[PDB]
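Taking it in order: structure first as structure tokens, then the write-up.
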Amino acid sequence: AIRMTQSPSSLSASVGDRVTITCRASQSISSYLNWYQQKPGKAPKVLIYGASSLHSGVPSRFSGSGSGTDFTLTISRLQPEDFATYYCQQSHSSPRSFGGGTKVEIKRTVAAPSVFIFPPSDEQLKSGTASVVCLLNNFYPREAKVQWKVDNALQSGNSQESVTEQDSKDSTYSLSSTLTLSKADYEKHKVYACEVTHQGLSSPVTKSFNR
Amino acid sequence: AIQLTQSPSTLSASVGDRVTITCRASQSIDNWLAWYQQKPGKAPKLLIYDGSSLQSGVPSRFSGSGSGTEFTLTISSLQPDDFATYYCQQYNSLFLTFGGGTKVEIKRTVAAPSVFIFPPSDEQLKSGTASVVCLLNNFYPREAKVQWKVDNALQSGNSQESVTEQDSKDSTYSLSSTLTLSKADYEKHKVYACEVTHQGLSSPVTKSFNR
Amino acid sequence: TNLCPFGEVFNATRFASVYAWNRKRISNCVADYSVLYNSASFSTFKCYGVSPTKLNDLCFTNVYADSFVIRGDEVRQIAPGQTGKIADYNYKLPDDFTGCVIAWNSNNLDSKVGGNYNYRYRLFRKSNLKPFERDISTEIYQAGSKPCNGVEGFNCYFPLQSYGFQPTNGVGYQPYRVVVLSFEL
Amino acid sequence: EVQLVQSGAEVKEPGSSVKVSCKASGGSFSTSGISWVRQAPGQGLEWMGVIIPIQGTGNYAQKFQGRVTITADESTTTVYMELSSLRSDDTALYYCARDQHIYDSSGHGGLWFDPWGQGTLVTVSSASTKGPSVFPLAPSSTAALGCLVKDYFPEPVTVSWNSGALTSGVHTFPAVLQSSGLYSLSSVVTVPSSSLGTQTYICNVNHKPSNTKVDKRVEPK
Amino acid sequence: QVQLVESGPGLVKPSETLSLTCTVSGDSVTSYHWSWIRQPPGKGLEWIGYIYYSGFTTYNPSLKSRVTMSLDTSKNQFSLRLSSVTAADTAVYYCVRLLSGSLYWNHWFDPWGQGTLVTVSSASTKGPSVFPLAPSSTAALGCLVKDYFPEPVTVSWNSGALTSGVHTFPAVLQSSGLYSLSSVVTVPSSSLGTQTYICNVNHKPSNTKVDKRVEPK
Amino acid sequence: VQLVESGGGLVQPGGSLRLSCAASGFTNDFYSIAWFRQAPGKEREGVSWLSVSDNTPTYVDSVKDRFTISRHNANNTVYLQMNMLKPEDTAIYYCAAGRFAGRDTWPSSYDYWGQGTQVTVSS
Ligand SMILES: *[C@@H]1O[C@H](CO[C@@H]2O[C@@H](C)[C@@H](O)[C@@H](O)[C@@H]2O)[C@@H](O[C@@H]2O[C@H](CO)[C@@H](O[C@@H]3O[C@H](CO)[C@@H](O)[C@H](O)[C@@H]3O)[C@H](O)[C@H]2NC(C)=O)[C@H](O)[C@H]1NC(C)=O
């Protein structure tokens with residue numbers, strides 16, 4: 001019944017910088033804290049156990065400290081292979097509760113997205129379904145807002161978003177939004193628009209087409 | 001240090017018969033004894049350990065019974081898969097020793113061999129060597145005696161024998177004996193004879209030729 | 001008449017771990033203990049209460065042979081009035097002991113190249129063992145105040161610890177097979 | 001150190017049960033706890049339960065009690081977790097990990113999971129294998145084009161462009177779980193718009209579970 | 001289930017080291033005791049030695065000064081090394097698991113490996129000379145395969161069209177270190193002047209293929 | 001319980017020596033006497049054992065015929081007669097005791113230790 005709270009959930013840092021992650025417990029857990037590192041598609045790996053010990057093979061740049069209810073994982077010099085998700089776990093008693101996990105991402109300059117839209121193909125229309133795709137490419141930071149409008153009417157509950165990870169070349173994100181409508185509903189409307197809001201964009205950008 | 005002698009060395013019995021193999025030790029070995037089944041050209045297979053325990057997967061017709069210095073292996077209903085060689089191993093010392101080995105065989109009616117002889121070819125005589133071949137075909141049982149005579153003089157130490165297994169069709173044996181002499185020795189003699197003795201033969205059979 | 005099955009005890013292939021030491025009652029048989037004492041395989045042979053050579057003379061109701069494996073350094077603990085992990089939490093001999101303690105090195109049998117983890121010893125217990133008491137429970141040991149809900153954690157330790165036996169260990173860390181004859185009359 | 005190997009992926013239906021194996025390479029079996037940790041997609045880790053094989057039974061968190069059973073096969077050095085009464089919220093990777101618990105003399109030092117299994121992706125759904133319908137995201141008024149891979153199951157779908165000759169500017173978004181229970185993803189690539197009428201762009205859609213391979217030539221309408 | 005596979009050179013010059021390695025699949029090499037059993041061709045089984053999982057070995061007294069066994073836990077395999085081999089050390093070497101009985105010296109062997117063959121000779125590859133065993137006064141005829149190394153030699157008649165009555169004896173080891181065998185077949189004597197009998201001798205190690213037409217002299 | 005050890009010295013190889021160990025504070029004969037020699041850089045290693053209650057000597061293989069141990073009941077003193085000494089025998093000799101009838105190669109099994117004596121075998 002002991003919970004762990006991490007902070008922040010997602011920080012941006014460049015190579016060689018200093019990274020500080022805090023993990024706080026609801027009640028005292030002595031020194032039974034661990035830190036795990038997980039990279040995408042792989043199992044988590046231990047970094048700190050006992051709140052202050054380094055696992056064998058861990059680079060010395062990682063350092064942990066604290067006891068009781070306040071703990072801290074510190075990375076002295078960030079490395080290109082140190083961008084991952086870090087979880088703090090308390091081993092004090094069941095359930096060994098993992099923290100929310102903090103994702104360390106490659107800090108970089110602000111970049112604006114490029115916007116694209118795609119009308120559904122005639123082949124799909126023959127099947128009786130219409131899907132409208134809105135594309136956001138190469139933007140940073142990750143926080144972005146997408147709004148769908150059909151005949152200038154705002155849509156809700158009929159669209160989904162999907163975002164890629166940081167690009168290996170320029171550390172940007174790409175996002176795609178899909179609007180799904182039946183052919184009858186699709187033929188009952190003419191104008192479909194997608195609105196994009198991002199920090200790197202001075203004004204919202206809209207792409208639209210006519211059926 | 002501990003010798004194991006199996007008796008009889010060779011045993012012939014037809015399918016469905018009761019087969020008894022005796023392993024005898026020079027010193028008391030308690031119940032510490034194992035039996036292995038060796039089919040020709042394959043690895044031995046454990047059958048019985050600790051005197052009477054039966055290995056998992058072994059058919060129940062195999063039975064072990066004995067203690068002290070005498071042991072027996074009994075096959076209740078001999079089957080085609082039970083024609084092989086059986087070794088007894090003792091493990092009552094730090095020097096594990098096997099037995100001589102008992103070979104069991106498909107018993108059948110007595111059959112007489114056919115005898116053939118071959119003079120050396122002219123091609124080989126050009127090379128300076130002469131080989132004389134004596135052939136024994138399709139006889140049973142295996143026990144047979146072959147003697148070589150050159151100019152009616154008994155030969156010793158200049159001939160070799162080779163015997164095939166029981167034939168898959170008539171369960172008989174085939175044997176070949178080869179006499180090797182140099183061309184100078186070959187041309188110093190005229191008559192070469194091969195004598196065959198077998199149980200199925202009433203009288204020894206001799207084949208000969210002249211150079 | 002019947003010969004005491006001492007071969008099955010001293011020469012057995014497998015010896016129990018010390019925490020679950022195996023006791024084999026022996027009775028209704030005649031054995032020669034003098035040849036046991038004069039054997040050369042027994043590095044340690046202590047008899048308390050009764051001299052080794054007088055064993056074959058006196059008659060006893062029952063004889064128990066407790067066998068187990070411990071480290072070399074822990075052999076001194078198998079004796080009356082001793083203290084340590086083994087003499088407290090695994091195997092305890094009574095103060096008025098009447099019997100013999102036999103031990104010999106078994107490094108060749110009980111070691112593994114990568115470490116032999118089949119031999120374990122109890123590491124914690126809520127109280128010291130009474131003499132000749134076996135405890136095979138694997139309940140999590142609570143060393144603090146909070147209840148351990150069957151889960152290892154802070155102040156919650158698993159009582160059983162396994163010897164790491166390797167052929168390269170020093171003499172004090174090599175396995176020793178111990179047989180403790182206890183004569184009861 | 002010790003090596004842990006798990007079973008393969010599973011696909012199940014609500015109300016069924018799934019058994020996941022975890023074979024330990026060996027080294028301290030029967031006295032080392034084998035903990036089971038699950039991770040929902042895009043969520044945090046979560047500890048399910050632990051077993052110490054010599055205990056025989058298994059202890060679980062106060063969230064999986066009554067529907068998780070952990071057992072150990074000492075002979076095979078394998079640990080089995082059986083999660084019964086599966087639901088939609090049990091779609092996750094299930095790791096098996098080994099406990100260490102170094103404690104000095106007062107409480108200093110704790111447990112950690114040093115070796116982990118590769119993970120056993122367990123998916124709960126209500127749909128069988130289905131071929132993907134590939135529709136062209138034809139470029140129209142750099143140029144962006146792609147192929148919408150819609151209504152397939154289960155994951156994954158691999159997309160390449162011009163038989164792998166085109167890799168730069170290619171983005172394959174993660175699959176999303178539609179309300180119908182089928183997965184859907186898009187893959188797009190940015191190419192110079194000046195060469196649309198001369199270059200051929202064909203997306204190589206490969207859905208191995210349904211053995212569907214569609215080479216759709218993406219051309220302007 | 002434990003499975004054992006032998007590996008090592010099949011040809012060893014005299015007064016050299018016979019190095020064999022048994023690869024264990026299905027379990028760790030340190031979970032069981034292992035042993036080596038050899039069998040000279042056409043003779044009884046013989047025990048070489050066994051090694052416990054602690055690395056402590058017991059050796060056959062007759063071979064105690066030439067036998068060395070060890071464990072390679074990294075590759076999950078154990079090895080045997082026999083030095084100063086002679087013509088009496090050619091045999092089939094089996095690597096087996098050593099089951100343990102009631103007392104600590106009680107051992108029996110199961111499961112066995114397939115078994116490798118090791119030959120101690122002093123001659124390189126040599127092609128066989130094919131001499132016809134021409135039919136002369138059922139009819140028996142054949143071809144003599146003499147002075148070849150190493151085994152085996154495969155013989156077929158009329159490109160395999162003749163299989164009935166064919167007897168290919170196991171090869172014999174001559175004092176010169178070369179092998180020799182004879183292959184014979186019984187055919188009706190009435191058709192010697194009309195049927196063609198050609199022995200297809202194939203010695204793959206020397207790449208020797210001889211088609212010798214067996215005809216009466 | 002007090003042990004007094006004496007008789008050591010310097011001797012040439014192949015010589016003989018006699019060590020004396022007297023046990024005072026023993027109420028009865030139910031005890032054992034052992035001898036341990038500590039080579040420089042080596043732990044103590046037992047070489048001889050005598051169960052007083054049985055008068056049953058025991059020796060390690062290395063000195064099986066070169067050493068002889070006996071007890072004289074008049075003075076309650078145990079004598080270790082060392083013969084055919086070798087340079088391998090140069091070590092400090094201790095005599096121990098224990099309230100048990102038997103032998104043990106672990107020095108920690110013995111509770112009472114006399115002060116050691118030095119024996120050097122060299123030419
Ligand atoms: C535990 O086992 C040992 C060893 O057993 C011996 O070696 C094994 C490899 C097998 O071959 C066993 O069959 C074999 O007995 C036993 O120690 C042995 O005891 C016997 C007597 O029972 C000793 O034989 C003596 O040999 C001397 C000559 O050296 C004769 O004068 C004697 O009359 C007698 O025959 C044997 O030497 C001894 N082995 C060793 C290495 O000391 C041991 O007895 C057994 N445990 C128990 C409780 O019986």
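Residue names in the structure tokens use chain letters A, B, ... in the order shown, residue numbers from 1 in each chain, and ligand numbers from 1 in the order shown.
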6 Å contact set for residue D:144, only C-alpha atoms, chain neighbours under 2 positions out, as a PDB file with N, CA and C atoms, in the first residue's frame:
```
ATOM      1  N   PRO D 139      -0.165  10.963 -53.348  1.00  0.00           N
ATOM      2  CA  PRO D 139       0.254  12.363 -53.232  1.00  0.00           C
ATOM      3  C   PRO D 139      -0.623  13.268 -54.078  1.00  0.00           C
ATOM      4  N   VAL D 189       6.067   8.641 -46.448  1.00  0.00           N
ATOM      5  CA  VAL D 189       7.434   8.993 -46.797  1.00  0.00           C
ATOM      6  C   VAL D 189       7.403  10.290 -47.585  1.00  0.00           C
ATOM      7  N   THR D 190       8.357  11.163 -47.293  1.00  0.00           N
ATOM      8  CA  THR D 190       8.477  12.440 -47.974  1.00  0.00           C
ATOM      9  C   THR D 190       9.461  12.315 -49.127  1.00  0.00           C
TER      10      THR D 190
END
```
Exercise for review: Pull the helix (DSSP H, G or I) assignments for chain A out of DSSP run on the backbone, and list those residues as number ranges by chain.
Suggested key: A: 122-126, 183-187
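For ligand 1, the protein and nucleic acid residues at most 8 Å away, judged by only C-alpha atoms and all ligand atoms, amount to residues 29, 92, 93 and 94 of chain B; 5, 6, 7, 8, 9, 10, 11, 36, 39, 40 and 41 of chain C; 105 of chain E.
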Could you tell me, as a compact mmCIF listing (two decimals) with N, CA, C and O atoms, in the first residue's frame, which residues of stretch 106-207 of chain E DSSP assigns to strand (DSSP E) when given the backbone?
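Output below, filename result-v4.txt:
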```
# COMPACT_ATOMS: atom_id res chain seq x y z
N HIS E 107 27.87 -46.96 -10.50
CA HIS E 107 27.63 -46.20 -11.72
C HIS E 107 27.26 -47.15 -12.85
O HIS E 107 27.85 -48.23 -12.98
N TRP E 108 26.29 -46.75 -13.66
CA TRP E 108 25.99 -47.39 -14.93
C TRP E 108 25.76 -46.31 -15.97
O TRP E 108 25.46 -45.17 -15.63
N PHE E 109 25.91 -46.68 -17.23
CA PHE E 109 26.01 -45.72 -18.32
C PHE E 109 24.70 -45.65 -19.09
O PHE E 109 24.26 -46.65 -19.66
N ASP E 110 24.08 -44.47 -19.10
CA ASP E 110 22.90 -44.17 -19.90
C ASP E 110 22.60 -42.68 -19.84
O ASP E 110 22.68 -42.09 -18.76
N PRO E 111 22.23 -42.04 -20.95
CA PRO E 111 22.15 -42.53 -22.33
C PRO E 111 23.49 -42.48 -23.04
O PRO E 111 24.36 -41.71 -22.67
N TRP E 112 23.69 -43.29 -24.06
CA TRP E 112 24.95 -43.30 -24.78
C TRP E 112 24.90 -42.35 -25.96
O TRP E 112 23.84 -42.07 -26.53
N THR E 116 31.89 -42.06 -32.03
CA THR E 116 32.76 -41.74 -33.14
C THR E 116 33.80 -42.84 -33.32
O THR E 116 34.10 -43.58 -32.38
N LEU E 117 34.33 -42.95 -34.53
CA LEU E 117 35.37 -43.92 -34.84
C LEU E 117 36.70 -43.20 -34.95
O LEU E 117 36.80 -42.16 -35.61
N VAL E 118 37.72 -43.74 -34.30
CA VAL E 118 39.07 -43.21 -34.35
C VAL E 118 40.01 -44.31 -34.82
O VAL E 118 40.01 -45.41 -34.26
N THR E 119 40.82 -44.01 -35.83
CA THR E 119 41.73 -44.96 -36.44
C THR E 119 43.16 -44.49 -36.24
O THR E 119 43.48 -43.33 -36.51
N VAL E 120 44.02 -45.39 -35.77
CA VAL E 120 45.44 -45.10 -35.59
C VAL E 120 46.19 -45.83 -36.69
O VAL E 120 46.42 -47.04 -36.62
N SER E 129 43.18 -51.06 -55.86
CA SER E 129 43.36 -51.74 -57.13
C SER E 129 42.27 -52.79 -57.30
O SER E 129 42.05 -53.64 -56.43
N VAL E 130 41.57 -52.72 -58.44
CA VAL E 130 40.41 -53.55 -58.70
C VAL E 130 40.84 -54.69 -59.60
O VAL E 130 41.16 -54.47 -60.78
N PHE E 131 40.84 -55.90 -59.06
CA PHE E 131 41.16 -57.08 -59.84
C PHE E 131 39.92 -57.95 -59.97
O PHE E 131 39.19 -58.15 -58.99
N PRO E 132 39.64 -58.46 -61.16
CA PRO E 132 38.42 -59.24 -61.35
C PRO E 132 38.54 -60.64 -60.77
O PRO E 132 39.54 -61.34 -60.98
N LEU E 133 37.51 -61.05 -60.04
CA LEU E 133 37.36 -62.42 -59.56
C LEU E 133 36.50 -63.14 -60.61
O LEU E 133 35.33 -63.42 -60.38
N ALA E 139 26.93 -69.68 -60.45
CA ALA E 139 28.27 -69.17 -60.69
C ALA E 139 28.59 -68.05 -59.71
O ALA E 139 27.75 -67.17 -59.46
N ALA E 140 29.80 -68.08 -59.16
CA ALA E 140 30.27 -67.06 -58.24
C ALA E 140 31.33 -66.19 -58.91
O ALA E 140 32.29 -66.71 -59.49
N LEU E 141 31.15 -64.88 -58.84
CA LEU E 141 32.10 -63.95 -59.42
C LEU E 141 32.12 -62.68 -58.58
O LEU E 141 31.19 -62.39 -57.82
N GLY E 142 33.19 -61.91 -58.73
CA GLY E 142 33.35 -60.71 -57.94
C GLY E 142 34.52 -59.89 -58.41
O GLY E 142 35.06 -60.09 -59.50
N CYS E 143 34.89 -58.93 -57.57
CA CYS E 143 36.03 -58.06 -57.81
C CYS E 143 36.77 -57.85 -56.50
O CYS E 143 36.16 -57.58 -55.47
N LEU E 144 38.09 -58.00 -56.55
CA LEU E 144 38.92 -57.88 -55.36
C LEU E 144 39.34 -56.43 -55.17
O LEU E 144 39.96 -55.83 -56.06
N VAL E 145 38.99 -55.86 -54.02
CA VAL E 145 39.33 -54.49 -53.66
C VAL E 145 40.43 -54.56 -52.62
O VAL E 145 40.17 -54.88 -51.45
N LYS E 146 41.66 -54.27 -53.03
CA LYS E 146 42.84 -54.48 -52.21
C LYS E 146 43.65 -53.20 -52.07
O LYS E 146 43.70 -52.38 -53.00
N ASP E 147 44.27 -53.03 -50.90
CA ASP E 147 45.24 -51.97 -50.65
C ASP E 147 44.65 -50.57 -50.82
O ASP E 147 45.11 -49.80 -51.67
N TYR E 148 43.65 -50.23 -50.01
CA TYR E 148 43.07 -48.90 -50.00
C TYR E 148 43.03 -48.39 -48.57
O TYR E 148 43.10 -49.16 -47.60
N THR E 154 32.54 -48.82 -51.45
CA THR E 154 31.19 -49.20 -51.85
C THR E 154 31.22 -49.81 -53.24
O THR E 154 31.80 -49.25 -54.17
N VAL E 155 30.59 -50.97 -53.37
CA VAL E 155 30.59 -51.73 -54.61
C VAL E 155 29.15 -52.02 -55.00
O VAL E 155 28.36 -52.48 -54.16
N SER E 156 28.81 -51.75 -56.25
CA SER E 156 27.52 -52.12 -56.82
C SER E 156 27.76 -52.87 -58.13
O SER E 156 28.81 -52.75 -58.76
N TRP E 157 26.76 -53.65 -58.52
CA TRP E 157 26.86 -54.49 -59.71
C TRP E 157 25.87 -54.02 -60.76
O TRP E 157 24.68 -53.83 -60.47
N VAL E 166 24.18 -60.72 -53.58
CA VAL E 166 25.40 -59.93 -53.45
C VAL E 166 25.86 -59.94 -52.00
O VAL E 166 25.08 -59.68 -51.08
N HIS E 167 27.13 -60.26 -51.80
CA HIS E 167 27.73 -60.28 -50.47
C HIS E 167 28.99 -59.43 -50.48
O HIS E 167 29.96 -59.76 -51.17
N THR E 168 28.97 -58.34 -49.72
CA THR E 168 30.13 -57.47 -49.55
C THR E 168 30.65 -57.65 -48.14
O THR E 168 30.06 -57.13 -47.19
N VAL E 172 39.04 -55.99 -44.15
CA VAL E 172 40.02 -56.52 -43.21
C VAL E 172 41.23 -55.60 -43.19
O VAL E 172 41.57 -54.96 -44.19
N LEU E 173 41.89 -55.54 -42.03
CA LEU E 173 43.06 -54.69 -41.85
C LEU E 173 44.31 -55.52 -42.12
O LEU E 173 44.67 -56.39 -41.32
N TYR E 179 43.45 -51.38 -46.13
CA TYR E 179 42.27 -52.22 -46.00
C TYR E 179 42.02 -52.99 -47.28
O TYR E 179 42.50 -52.63 -48.36
N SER E 180 41.26 -54.08 -47.15
CA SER E 180 40.94 -54.91 -48.29
C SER E 180 39.64 -55.65 -48.00
O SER E 180 39.39 -56.09 -46.88
N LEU E 181 38.82 -55.78 -49.04
CA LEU E 181 37.58 -56.52 -48.93
C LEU E 181 37.25 -57.12 -50.29
O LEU E 181 37.76 -56.69 -51.32
N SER E 182 36.38 -58.12 -50.27
CA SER E 182 35.93 -58.76 -51.49
C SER E 182 34.41 -58.67 -51.55
O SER E 182 33.73 -58.73 -50.53
N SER E 183 33.89 -58.50 -52.76
CA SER E 183 32.46 -58.45 -52.99
C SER E 183 32.11 -59.49 -54.04
O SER E 183 32.70 -59.50 -55.12
N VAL E 184 31.17 -60.38 -53.70
CA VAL E 184 30.83 -61.49 -54.57
C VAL E 184 29.32 -61.50 -54.79
O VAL E 184 28.55 -60.91 -54.02
N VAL E 185 28.91 -62.17 -55.86
CA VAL E 185 27.50 -62.32 -56.19
C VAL E 185 27.33 -63.62 -56.96
O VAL E 185 28.14 -63.96 -57.82
N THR E 186 26.27 -64.35 -56.62
CA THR E 186 25.97 -65.61 -57.27
C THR E 186 24.95 -65.38 -58.38
O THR E 186 23.88 -64.82 -58.15
N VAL E 187 25.31 -65.82 -59.59
CA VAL E 187 24.45 -65.67 -60.76
C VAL E 187 24.38 -67.01 -61.47
O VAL E 187 25.27 -67.85 -61.30
N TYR E 197 28.59 -58.45 -66.58
CA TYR E 197 28.72 -58.22 -65.15
C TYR E 197 29.87 -57.26 -64.92
O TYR E 197 31.04 -57.63 -65.12
N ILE E 198 29.56 -56.04 -64.50
CA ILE E 198 30.55 -55.01 -64.24
C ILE E 198 30.40 -54.56 -62.80
O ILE E 198 29.30 -54.18 -62.38
N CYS E 199 31.49 -54.61 -62.05
CA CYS E 199 31.49 -54.18 -60.66
C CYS E 199 31.82 -52.70 -60.59
O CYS E 199 32.81 -52.24 -61.16
N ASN E 200 30.98 -51.95 -59.89
CA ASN E 200 31.12 -50.50 -59.76
C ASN E 200 31.80 -50.21 -58.43
O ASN E 200 31.12 -50.04 -57.40
N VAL E 201 33.12 -50.15 -58.44
CA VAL E 201 33.92 -49.91 -57.25
C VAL E 201 34.08 -48.41 -57.08
O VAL E 201 34.47 -47.71 -58.02
N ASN E 202 33.75 -47.91 -55.89
CA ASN E 202 33.83 -46.48 -55.59
C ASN E 202 34.55 -46.29 -54.27
O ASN E 202 34.06 -46.72 -53.22
N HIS E 203 35.71 -45.64 -54.31
CA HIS E 203 36.47 -45.26 -53.12
C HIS E 203 36.46 -43.74 -53.06
O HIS E 203 37.36 -43.08 -53.58
```
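Picture a line from atom CA of residue D:164 to atom CA of residue A:123; it runs 25.7 Å.
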message: Report as a PyMOL selection string all protein, DNA and RNA residues lying within 6 Å of stretch 32-49 of chain A, evaluated on only C-alpha atoms, omitting residues in the same chain fewer than 2 positions from it.
response: (chain A and resi 29-30+51+53-55+84-92) or (chain D and resi 110)
Go ahead and write the residues just picked, N, CA and C atoms, as an mmCIF file, in the first residue's frame.
```cif
data_model
loop_
_atom_site.group_PDB
_atom_site.id
_atom_site.type_symbol
_atom_site.label_atom_id
_atom_site.label_comp_id
_atom_site.auth_asym_id
_atom_site.auth_seq_id
_atom_site.Cartn_x
_atom_site.Cartn_y
_atom_site.Cartn_z
ATOM 1 N N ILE A 29 10.454 3.942 3.366
ATOM 2 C CA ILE A 29 10.815 2.649 2.805
ATOM 3 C C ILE A 29 12.268 2.295 3.113
ATOM 4 N N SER A 30 12.855 2.944 4.117
ATOM 5 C CA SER A 30 14.271 2.790 4.433
ATOM 6 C C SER A 30 15.142 3.071 3.220
ATOM 7 N N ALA A 51 19.280 2.003 -3.222
ATOM 8 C CA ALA A 51 19.225 3.460 -3.268
ATOM 9 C C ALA A 51 20.588 4.100 -3.479
ATOM 10 N N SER A 53 23.730 1.887 -4.449
ATOM 11 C CA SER A 53 24.717 0.992 -5.033
ATOM 12 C C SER A 53 24.541 0.924 -6.541
ATOM 13 N N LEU A 54 25.648 0.756 -7.251
ATOM 14 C CA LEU A 54 25.640 0.619 -8.700
ATOM 15 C C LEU A 54 25.741 -0.851 -9.073
ATOM 16 N N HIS A 55 24.934 -1.275 -10.038
ATOM 17 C CA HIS A 55 25.069 -2.626 -10.555
ATOM 18 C C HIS A 55 26.380 -2.766 -11.316
ATOM 19 N N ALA A 84 16.293 7.219 -22.366
ATOM 20 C CA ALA A 84 15.415 6.078 -22.154
ATOM 21 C C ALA A 84 14.395 6.464 -21.092
ATOM 22 N N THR A 85 13.677 5.473 -20.580
ATOM 23 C CA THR A 85 12.710 5.674 -19.514
ATOM 24 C C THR A 85 13.262 5.091 -18.224
ATOM 25 N N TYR A 86 13.200 5.864 -17.145
ATOM 26 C CA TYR A 86 13.746 5.461 -15.858
ATOM 27 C C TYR A 86 12.615 5.280 -14.859
ATOM 28 N N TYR A 87 12.531 4.088 -14.279
ATOM 29 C CA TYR A 87 11.535 3.760 -13.275
ATOM 30 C C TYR A 87 12.211 3.602 -11.925
ATOM 31 N N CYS A 88 11.555 4.086 -10.878
ATOM 32 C CA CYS A 88 11.986 3.854 -9.511
ATOM 33 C C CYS A 88 11.013 2.891 -8.861
ATOM 34 N N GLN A 89 11.548 1.875 -8.201
ATOM 35 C CA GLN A 89 10.746 0.854 -7.555
ATOM 36 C C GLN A 89 11.132 0.765 -6.092
ATOM 37 N N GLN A 90 10.138 0.652 -5.226
ATOM 38 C CA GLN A 90 10.373 0.400 -3.818
ATOM 39 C C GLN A 90 10.253 -1.092 -3.569
ATOM 40 N N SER A 91 11.240 -1.660 -2.880
ATOM 41 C CA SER A 91 11.226 -3.071 -2.531
ATOM 42 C C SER A 91 10.820 -3.293 -1.086
ATOM 43 N N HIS A 92 10.303 -2.259 -0.426
ATOM 44 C CA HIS A 92 10.078 -2.331 1.012
ATOM 45 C C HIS A 92 9.109 -3.449 1.366
ATOM 46 N N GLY D 110 18.612 -3.630 -0.726
ATOM 47 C CA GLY D 110 17.277 -4.133 -0.971
ATOM 48 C C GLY D 110 17.173 -5.156 -2.077
#
```
With only C-alpha atoms as the basis for distance, which of C:53, C:182, C:161, C:127 is at the shortest distance from chain F?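 Among the listed residues, the smallest separation from chain F belongs to C:53.
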Do you know which residues are at most 8 Å from residue F:22 counting only C-alpha atoms, after dropping those on the same chain fewer than 6 positions away, and could you put them as a PyMOL selection string? chain F and resi 3-5+75-78
Given the selection you just returned, output its residues as a file containing N, CA and C atoms, formatted as an mmCIF file, in the first residue's frame.
```
data_model
loop_
_atom_site.group_PDB
_atom_site.id
_atom_site.type_symbol
_atom_site.label_atom_id
_atom_site.label_comp_id
_atom_site.auth_asym_id
_atom_site.auth_seq_id
_atom_site.Cartn_x
_atom_site.Cartn_y
_atom_site.Cartn_z
ATOM 1 N N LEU F 3 48.192 -26.972 29.929
ATOM 2 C CA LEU F 3 49.068 -27.819 29.133
ATOM 3 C C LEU F 3 50.459 -27.207 29.110
ATOM 4 N N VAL F 4 51.466 -28.020 29.408
ATOM 5 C CA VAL F 4 52.858 -27.591 29.402
ATOM 6 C C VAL F 4 53.585 -28.383 28.329
ATOM 7 N N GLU F 5 54.184 -27.676 27.375
ATOM 8 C CA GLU F 5 54.833 -28.289 26.227
ATOM 9 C C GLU F 5 56.318 -27.958 26.242
ATOM 10 N N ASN F 75 53.349 -39.771 35.247
ATOM 11 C CA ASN F 75 53.369 -38.317 35.273
ATOM 12 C C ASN F 75 52.237 -37.699 34.467
ATOM 13 N N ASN F 76 51.349 -38.518 33.904
ATOM 14 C CA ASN F 76 50.241 -38.048 33.077
ATOM 15 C C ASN F 76 50.752 -37.142 31.959
ATOM 16 N N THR F 77 51.810 -37.599 31.296
ATOM 17 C CA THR F 77 52.473 -36.832 30.254
ATOM 18 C C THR F 77 52.520 -37.644 28.971
ATOM 19 N N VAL F 78 52.243 -36.981 27.854
ATOM 20 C CA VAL F 78 52.237 -37.605 26.538
ATOM 21 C C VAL F 78 53.530 -37.241 25.826
#
```
Original post:
Which chain C residues are at most 10 Å from chain A (counting only C-alpha atoms), as JSON, numbers by chain?
Top reply: {"C": [146, 147, 148, 149, 150, 151, 152, 153, 154, 155, 156]}
Q. Excluding same-chain residues fewer than 5 positions from residue E:20, what lies within 10 Å of it counting only C-alpha atoms, as a ChimeraX atom specification?
A. /E:6-10,36,69,78-82,93,95,116,118
Show which residues sit within 12 Å of residue A:103, as a ChimeraX atom specification. Count only C-alpha atoms, and ignore same-chain residues fewer than 3 positions away. /A:6-13,19-21,36-40,82-87,99-100,106-107,165-166 /D:42-44
